[PDB]
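Asker: what's the 3D shape of this:
(one chain, ligands or ions: 5)
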Amino acid sequence: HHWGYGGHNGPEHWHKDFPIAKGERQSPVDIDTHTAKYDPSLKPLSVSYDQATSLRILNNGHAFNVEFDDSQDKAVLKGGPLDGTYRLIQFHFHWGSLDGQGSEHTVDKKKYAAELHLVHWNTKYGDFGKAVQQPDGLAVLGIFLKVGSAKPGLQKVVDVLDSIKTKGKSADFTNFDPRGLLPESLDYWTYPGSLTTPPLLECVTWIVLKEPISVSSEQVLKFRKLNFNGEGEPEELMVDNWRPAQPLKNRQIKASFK
Ligand SMILES: [O-][Cl+3]([O-])([O-])[O-]
Ligand SMILES: [O-][Cl+3]([O-])([O-])[O-]
Ligand SMILES: [O-][Cl+3]([O-])([O-])[O-]
Ligand SMILES: [O-]
Ligand SMILES: [Zn+2]
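Answerer: Numbering: from 1, shown residues only. Ligands and ions are numbered 1, 2, ... in the order given. The structure is reproduced below:
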């Protein structure tokens, strides 16, 4: 695999190795707020993170992943548009070189500085690798980041980045509480889509929170000091690791809120 975010290997190129890039259920999308329908039949999201076990943080050359023990229902997402129980596997972010870009979803064409993806897989499939092959395999909680006041519960993340600067580096990351990444409100939009990274598999129920979290400018500047490259290689700052909005096609975005 040789994909990335650069002009030579970025999203406009992905379709050659991953033809599903041009499919019917691709993510991210622009969320047109006047067209999204309130669906009174959507439940409240159930985010049950009390028993989450974070383990490790890894620079994978595209983003950094905070990984969880998904060998048991500890940290699970249920309810909302979902049937069944979905285990948290990892979260990661997408961000820009500057605060005007970075999110993958957009809201009435507005871009946020960053977007957090909490990735969960459906336990009916047993493992992540099986879940990505199924149309209801993943549930991804997306959360926008704007820049303003610092998010206190992000700082433990930002503080360790210095130690995973380059691709393949990992560090212990136990006893991180992901509840500290959530806004107050769980109001959400939902639609059927895909992973936003190759292999771009069409296996995701998207749940995108309406309320952004605020992070400081120092927090997000520290994200932009990471590297896409390996140790000792030509430094390529890990910035603009976002896929742009894709066609909505034959899809309905639903709102949980009037
Ligand atoms: O040089 Cl391109 O990235 O247009 O193929
Ligand atoms: O003290 Cl920290 O913000 O690194 O957890
Ligand atoms: O964050 Cl994704 O898992 O939907 O690629
Ligand atoms: O992603
Ligand atoms: Zn993502």
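Asker: can you list the residues of the protein near ligand 4?
Answerer: For the chain, the residues in contact with ligand 4 under the definition Cβ under 6 Å from any ligand atom are 117, 196-197. C-beta here means a position set from N, CA and C on the backbone, and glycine is covered the same way.
Asker: what about residue 221, which helix or strand?
Answerer: Taking DSSP states H and E as the criterion, the element that holds residue 221 is helix 217-223.
Asker: Residue 159 too?
Answerer: helix 155-160.
Asker: Between the residues of the chain next to ligand 4, which sits nearest residue 9?
Answerer: Ranking the residues of the chain next to ligand 4 by separation from residue 9, with Cβ to Cβ as the measure, puts residue 197 on top at 12.5 Å.
Asker: Which member of the residues of the chain next to ligand 4 is positioned nearest residue 18?
Answerer: Distances from residue 18 to the residues of the chain next to ligand 4, taken as Cβ to Cβ, are shortest for residue 197 (9.5 Å).
Asker: Show me the residue sitting in the middle of this structure in space.
Answerer: Within the chain, the residue whose C-alpha comes closest to the C-alpha centroid is residue 117; the distance, by Cα atoms, centre = their mean, is 1.9 Å.
Asker: Confirm that it lies within a strand, as I assumed.
Answerer: Yes - the secondary structure assignment for residue 117 places it in a strand, going by DSSP: H, G, I helix; E, B strand; the rest coil.
Asker: residues touching it, list them.
Answerer: Residue 117 makes contacts with 91-94, 140-143, 196, as judged by Cβ atoms under 8 Å, 6 or more residues apart in numbering.
Asker: Please produce JSON lines containing the residues you listed, extended by neighbour count.
Answerer: Putting the contacts of residue 117 into JSON lines (neighbours: other Cβ atoms under 10 Å) gives the following:
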{"residue": "91", "neighbour count": "24"}
{"residue": "92", "neighbour count": "20"}
{"residue": "93", "neighbour count": "25"}
{"residue": "94", "neighbour count": "28"}
{"residue": "140", "neighbour count": "23"}
{"residue": "141", "neighbour count": "26"}
{"residue": "142", "neighbour count": "22"}
{"residue": "143", "neighbour count": "24"}
{"residue": "196", "neighbour count": "23"}
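Asker: near ligand 3 too, which of those residues?
Answerer: Taking Cβ under 6 Å from any ligand atom, the overlap between these and the neighbourhood of ligand 3 is 140, 196.
Asker: The helix holding residue 221 - contacts with which helices or strands?
Answerer: With contacts defined as 3 or more Cβ pairs under 8 Å, 6 or more residues apart in numbering; DSSP states H and E, helix 217-223 has these neighbours: strand 86-95, strand 138-147, helix 155-160.
Asker: Which residues of the stretch 151-258 of the chain lie near ligand 2?
Answerer: Where the stretch 151-258 of the chain comes near ligand 2, counting by Cβ under 6 Å from any ligand atom, the residues are 155-156, 159.
Asker: how much space between residue 3 and residue 62?
Answerer: Per Cβ to Cβ, to the nearest Å, residue 3 is found 8 Å from residue 62.
Asker: Where does the stretch 101-250 of the chain get nearest to ligand 4, which residue?
Answerer: With distances taken as Cβ to the nearest ligand atom, the stretch 101-250 of the chain approaches ligand 4 most closely at residue 196, which sits 3.9 Å away.
Asker: Test my guess that residue 48 contacts residue 86.
Answerer: No - in this structure, residue 48 is not within contact of residue 86 by Cβ atoms under 8 Å, at 10.5 Å.
Asker: Contacts for the helix holding residue 159, please.
Answerer: Taking Cβ under 8 Å, 6+ apart as the criterion, the residues outside helix 155-160 that touch it are 57, 66, 171, 173, 176, 218-219, 222-223.
Asker: Without its sequence neighbours, what residue ends up closest to residue 25?
Answerer: Using Cβ to Cβ, 6 or more residues apart in numbering and skipping residues adjacent in sequence, the residue nearest residue 25 is residue 202, 4.3 Å away.
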